[PDB]
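Observations on the three-dimensional arrangement
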Amino acid sequence: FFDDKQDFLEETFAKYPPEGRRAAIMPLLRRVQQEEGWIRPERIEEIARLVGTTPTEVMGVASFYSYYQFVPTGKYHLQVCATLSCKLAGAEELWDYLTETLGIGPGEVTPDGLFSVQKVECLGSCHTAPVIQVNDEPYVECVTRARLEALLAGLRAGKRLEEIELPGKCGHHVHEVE
Amino acid sequence: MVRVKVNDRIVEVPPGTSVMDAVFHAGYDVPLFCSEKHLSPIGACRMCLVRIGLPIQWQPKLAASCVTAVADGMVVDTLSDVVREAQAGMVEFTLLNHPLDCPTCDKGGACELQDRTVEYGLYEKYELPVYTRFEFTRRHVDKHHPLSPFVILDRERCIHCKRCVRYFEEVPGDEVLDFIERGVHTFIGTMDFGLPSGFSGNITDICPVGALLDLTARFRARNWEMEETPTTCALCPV
Amino acid sequence: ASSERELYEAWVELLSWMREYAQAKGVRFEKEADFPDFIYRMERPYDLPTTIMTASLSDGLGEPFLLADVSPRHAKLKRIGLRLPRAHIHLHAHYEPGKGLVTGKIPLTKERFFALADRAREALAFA
Amino acid sequence: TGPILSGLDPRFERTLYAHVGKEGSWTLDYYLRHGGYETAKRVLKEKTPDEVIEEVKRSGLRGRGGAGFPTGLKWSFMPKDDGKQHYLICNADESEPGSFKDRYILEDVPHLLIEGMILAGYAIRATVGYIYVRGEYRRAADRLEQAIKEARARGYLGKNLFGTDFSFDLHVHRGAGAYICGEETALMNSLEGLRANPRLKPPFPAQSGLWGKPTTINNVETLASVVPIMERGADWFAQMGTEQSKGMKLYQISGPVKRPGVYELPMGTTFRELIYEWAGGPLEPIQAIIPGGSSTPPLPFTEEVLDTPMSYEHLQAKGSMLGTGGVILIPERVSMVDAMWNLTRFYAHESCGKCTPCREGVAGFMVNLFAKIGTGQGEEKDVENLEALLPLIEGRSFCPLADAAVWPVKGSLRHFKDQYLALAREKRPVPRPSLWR
Ligand SMILES: Cc1cc2nc3c(=O)[nH]c(=O)nc-3n(C[C@H](O)[C@H](O)[C@H](O)COP(=O)(O)O)c2cc1C
Ligand code: SF4
Ligand code: SF4
Ligand code: SF4
Ligand code: FES
Ligand code: FES
Ligand SMILES: [Ca+2]
Ligand SMILES: [Ca+2]
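If you check the header, you'll see the entry was determined by X-ray crystallography and the resolution is listed as 3.150 Å.

In the annotation of the PDB entry, chain C is listed under the name NADH-quinone oxidoreductase subunit 15 and assigned to Thermus thermophilus. UniProt, in its Catalytic activity section for chain C, records the words "a quinone + NADH + 5 H(+)(in) = a quinol + NAD(+) + 4 H(+)(out)". The record held by UniProt for chain C lists under Subcellular location the comment "Cell membrane".

Per the PDB entry, the recorded name for chain A is NADH-quinone oxidoreductase subunit 2, and the organism is Thermus thermophilus. Quoted verbatim from the Catalytic activity field of the UniProt record, the comment on chain A reads "a quinone + NADH + 5 H(+)(in) = a quinol + NAD(+) + 4 H(+)(out)". Comment text from UniProt for chain A, heading Sequence similarities, reads "Belongs to the complex I 24 kDa subunit family."

Some thoughts on the site of ligand 4
Every residue close to ligand 4 is listed here: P198, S351, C352, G353, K354, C355, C358, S397, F398, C399, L401 and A402 of chain D. Split into classes, the residues belonging to the shell around ligand 4 amount to 8 nonpolar, 3 polar and 1 charged.

As for the coordination of the calcium ion (ligand 7)
With distances of 2.3 to 3.0 Å, the protein atoms coordinating the calcium ion (ligand 7) are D7 of chain A (OD) and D7 of chain A (OD). Note that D7 of chain A resides in helix α1 (residues 6–14).

As for the interface of chain B and chain D
Listed by partner, the interface residues are 35 residues for chain B and 33 residues for chain D. Carbon and sulfur atoms make up 59% of the area that chain B and chain D hide from each other, which totals about 2800 Å². Taken together, the connections running from chain B to chain D amount to 3 salt bridges. At the boundary of chain B and chain D, one finds 15 residue pairs in polar contact. Counting only elements with at least two residues in the side of chain B that touches chain D, the list comes to α2 (81–95) and β8 (178–179) of chain B. The residue makeup of the side of chain B that touches chain D, split by class, is 17 nonpolar, 7 polar and 11 charged.

A word on the UniProt feature "binding site: [2Fe-2S] cluster" in chain A
Here the UniProt feature "binding site: [2Fe-2S] cluster" sits at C81, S85, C86, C122 and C126 of chain A. A maximum C-alpha distance of 9.4 Å among these annotated residues, which run over 46 residues, shows that they cluster at one spot. The residue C122 of chain A is located in the loop between β2 (115–120) and β3 (131–133) in this model. Those residues in contact with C122 of chain A, other than ones at most four positions away along the chain, are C81 and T83 of chain A together with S95, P97, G98 and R134 of chain D. Relative to the helices and strands, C126 of chain A resides in the loop between β2 and β3. Its relative accessible area of 3% is what places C126 of chain A among the buried residues. Apart from residues lying up to four places away in sequence, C126 of chain A is in contact with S85 of chain A together with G98, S99, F100 and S254 of chain D.

Details of the site of ligand 2
Around ligand 2, a shell composed of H98, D101, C102, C105, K107, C111, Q114, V209 and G210 of chain B is seen. Among the residues forming the shell around ligand 2, the class breakdown is 4 nonpolar, 3 polar and 2 charged.

Comments concerning the interface of chain A and chain D
With 54 residues of chain A at the interface, the matching set in chain D holds 71 residues. A buried area of about 5100 Å², summed over both sides, lies between chain A and chain D, and 55% of it is on carbon and sulfur atoms. Seen at the junction of chain A and chain D, the total is 6 salt bridges. The salt bridge partner of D136 of chain A is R138 of chain D, with a shortest N-O separation of 3.4 Å. For the pair chain A and chain D, the number of links is 33 residue pairs in polar contact.

Quick look at the nonpolar core
The biggest cluster of nonpolar side chains holds 177 residues, and the ones touching the most others in it are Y65 and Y68 of chain A, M18 and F113 of chain C together with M366 and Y420 of chain D. It is helix α16 (residues 401–425) of chain D that contributes the most residues to this core, 11 residues altogether. Grouped together as the second largest cluster of nonpolar side chains are 77 residues, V43, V56, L144 and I148 of chain D included.

Considering the packing of aromatic side chains
Tallied over the full model, the rule gives 31 aromatic pairs over all chains. Note on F1 of chain A and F2 of chain A: the rings are 4.6 Å apart at their centroids and 45 degrees apart in plane angle, and the pair reads as tilted. Taking the centre distance of 5.0 Å and the plane angle of 80 degrees together, the rings of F346 of chain D and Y347 of chain D count as edge-to-face. Both residues of the pair, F346 of chain D and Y347 of chain D, count as buried. Grouped by ring-pair contacts, the aromatic residues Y16 of chain A together with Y87, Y130 and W211 of chain D constitute a single cluster. The ring of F13 of chain A carries the charged tip of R21 of chain A above its face, separated from the ring centre by 4.5 Å. When the ring centre of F8 of chain A is taken as reference, the NZ or CZ atom of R31 of chain A above it lies at 5.5 Å.

Focus on the packing of α2 of chain B against helix α3 (residues 112–120) of chain B
All names here are of chain B. One can describe the packing of α2 onto α3 by two numbers: an axis separation of 9 Å at closest approach and a directional angle of 145 degrees. Here α2 runs over α3; the crossing is left-handed. Contacts from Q87, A88, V91, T94 and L95 in α2 reach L113, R116, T117 and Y120 in α3. Class assignment of the residues belonging to the contact of α2 with α3 gives a composition of 5 nonpolar, 3 polar and 1 charged.

Overview of the pattern of salt bridges
All chains considered together, the criterion is met by 82 salt bridges over all chains. Salt-bridge contacts for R160 of chain A lead to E163 of chain A; the nearest nitrogen and oxygen are separated by 3.1 Å. A residue is classified by how much of its surface remains accessible, and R160 of chain A, at 48% relative accessible area, is partly exposed. When the shortest N-O distance is used, the salt bridge between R425 of chain D and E380 of chain D registers 3.1 Å.

Some words on the UniProt feature "disulfide bond" in chain A
A sulfur-sulfur distance of 2.0 Å is found between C142 of chain A and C170 of chain A, whose disulfide is recorded in UniProt, and that is short enough to count the bridge as formed. Separated by 28 residues along the polypeptide, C142 of chain A in the loop between β4 (139–141) and α7 (145–155) and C170 of chain A in the segment after α7 bring together distant segments of the chain.

Rules and cut-offs
Residues numbered from 1 in each chain as written, not as in the entry; some residues may be left out. Chains lettered and ligands numbered in written order. Part of a larger assembly, values for the part shown. Heavy atoms only, no water. UniProt positions renumbered as here; feature names shortened; annotations may be inferred. Near = heavy atom within 4 Å. Nonpolar A, V, L, I, M, F, W, Y, C, P; charged D, E, K, R; others polar. Donors = N, O, S within 2.8 Å, 3.2 Å for Na, K, Ca; no water. Helix = DSSP H or I, 4+ residues; strand = E, 2+ residues; numbered from the N terminus. Contact = heavy atoms within 4.5 Å. Buried area = accessible area lost by both parts, 1.4 Å probe. Salt bridge = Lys/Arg side-chain N within 4 Å of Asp/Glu carboxyl O. Polar contact = N/O pair within 3.5 Å; in protein donor to acceptor, adjacent residues only side chain to side chain. Buried < 20%, exposed > 50% of the residue type's maximum accessible area, 1.4 Å probe, protein only. Core = buried A, V, L, I, M, F, W, Y, C linked by side-chain atoms within 4.5 Å. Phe/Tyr/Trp six-rings, centres within 6.5 Å; stacked < 30°, edge-to-face > 60°. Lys NZ or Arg CZ within 6 Å of the ring centre and 35° of its normal. Axes fitted to C-alpha atoms, helices over the stretch in contact; angles between N-to-C directions. Left-handed = near helix turned anticlockwise from the far one by under 90°. Disulfide = S-S within 2.5 Å.

Set out below in structure tokens:
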């Protein structure tokens, strides 16, 4: 996998000392994610030799974190906030609806193959709740029932997220509700 | 050398000594799960709790006797109700998700969990005593799944001392085992299948419980039933 | 309720699906453990559909990729559970009258299960 | 006026979030056009390393990571002149529920951060710093990298800053979602390439942190506050706040209120002021407010609470504690149990799994109780046990996470025990009001 982009290893290994090659484990794992949708046992075997340690050690390290997936994820992996602040904004009703609709459990992937789901923790934008993070990019903030069907229908039409019109207005570091 | 008062006994003891080893040296006792002869102490399971005074001024929070060093003129209480009550609870927590295998479990009466359970557990307060508070579904996972032809691993039993994984990186230097996910869900696992290092057998002798077991001698006799014969291995010069 | 009885009945089923998928796609099914509240049941009665409590669909090396279990008869907050080891995915299936076996609001049908099993087998089996 | 700054004063000067939300606020040019790294320059050329410590020890700055430790003092522990490589680390793993102040400082005014770490770097003899940002903060990550490159170019970073014989570079390490990575000692292991477990603190980070070398760790807000402190004297900083809570704090409020979000304010301004003047007051009736982080014990919605000074002392001796200053209001329309049900299930999911007390205690016993009692499957007995578990855990774990899971529960019982006994005694689940539009 990383045989290809040698210029990437080069650069990231550079960020850390000669002895702490292990440091690279996180960012390497990271790439394999944003590229392939999920991390394969092979990738770990690789990253292992690559970073100078055992496949076991790298497995333990990878299975620790929440972002990395280890089973295939849809094109658009909706991660929903469920922590308190978003709960008082309706976070559960959203999750019920989003699931009930798509008919997918967390482990699964929609028939059409583009939607996985997963509850996550507080994403540090409580003021703009409820919040959804899509893949590895900017929060689709203030998911109202309406706004949601808009984010959904938008991706469902192939439209690249970073330019989908989201009905209603939603603030920056301060937000007005009406 | 340092002056340390355990409970009622006073003992001399080198400077970089463990409060734990202090206690045992004085001839006392404390629940011991994760620390081990020759392995790095970390205060993992939290059994070897004690109370400490150091001037008498009583430290606010209980300490992990296995990772706190001794200091000159230190009192170490290992009998206070406050202490027993704490060990009692810690034991309760350890047993909270365990699997109920004993009669069937190959760890026989040579199991650190049982012994300490009986030794310190079930706190006497001062009516029908309550053996178990936790009435929910226990943690169920993988079971009796052999890592190699010589070691059979039972994940359910494991108590998450760090003994085995810690041993591997330290003694042999062959990291072929380590916890997987996190929280109540973590477990011991591998990706180096044969258990490579020529020194894997030792994890069987360290594992406080019946998770890591000698498969070479699975289901032969219970541990007391055996006739022990101390001797010397003469396969090689050591 | 007597919905408890129906849950175990369904758990018997969930197991039958597992054994099916097992011999079907050529991969090992294994009873991981039997109910303690059966083993150490003595003169005491027992009218549960099976003894089997924890089961797995393991791979070539034995490493499980699917893990199912139901809660013992004497426990509280009963649920039948699915777990894809190594991949932080946990499913709690309950039972609703008339609707059936559900993971929340969504039904857990032989179809949906078999789907989950595959996703796991293909991506998570070591051998 | 006459004496001391504590809120909506006219002599209050916004510093940190001054430029946040202003079009093009991250450009190196936008920072210099507004008096950029000109403070970093002065300090490096004139004042000595130790001297800059004393100005911060003098300022009264306390760790804005929620900690609350005197940051001047903190740097005072770093080794003098020993020749070892020293590391500085920015704890941008902001992930404690209800807290989102550090996000926008990264997203919009990164150069402020960089300048801060330069100062702080020089202060502790750190030739290299790392910034650990949670892997959910996409924008902040993208922005930081950019800014670090710009600054690396025009010579504000690296080789030999400002002609002065001090060098300083930054690297950005993205995390991957795990609350625990925010414990300083855990952060080091995560970044260092290991499983994210907190370390044995008998051997401290100050003398052995990142790869064994003497490192120091400060929060985004802390390091950013270092810039205005070095600019307008420590005395300017100190003319703000209470007797032990000096400076300006970035408070943030969330939950059912008119306009939530971040509000820069002088340490000590009243909850009322924040909840009402800036945030524009609740939209529901409120019953309790979580003062600092999530890890802070809830307080009841009483007059005397609203009129309390948000400080590292007034909240202290009031039962709770000021964490990250990230308030969360809770409506009477949602059961207090339902709220803790949630918070604990968070810590339960977020535990690392080193401790028995936490791995099994909170993540095993505790969470399940709430489930029982919160489906009206609980009896009076259950409550009493959840009650008893607390003191068995709080005391001794390995890291403060468990403490964080038990306090807010402990606290909730202290002020709402009745709410728990209700759902139990009456076998009613928690209420499910409709909460989203
Ligand atoms: C369990 C635990 C979790 C923490 N999580 C965070 C966090 O998410 N974000 C953060 O900024 N600090 C967090 N901290 C605080 C770190 O200890 C903190 O960044 C460090 O003490 C800050 O230094 P400072 O307060 O001088 O800035 C956490 C601490 C603990 C013990
Ligand atoms: S590890 Fe010990 S306590 Fe556990 S079932 Fe086995 S013999 Fe019993
Ligand atoms: S397998 Fe045994 S030695 Fe290893 S962590 Fe589990 S209890 Fe400890
Ligand atoms: S208190 Fe919890 S999160 Fe902290 S070290 Fe212990 S098990 Fe890990
Ligand atoms: S609670 Fe959802 S972002 Fe903080
Ligand atoms: S033995 Fe000291 S805590 Fe485990
Ligand atoms: Ca090249
Ligand atoms: Ca197996």
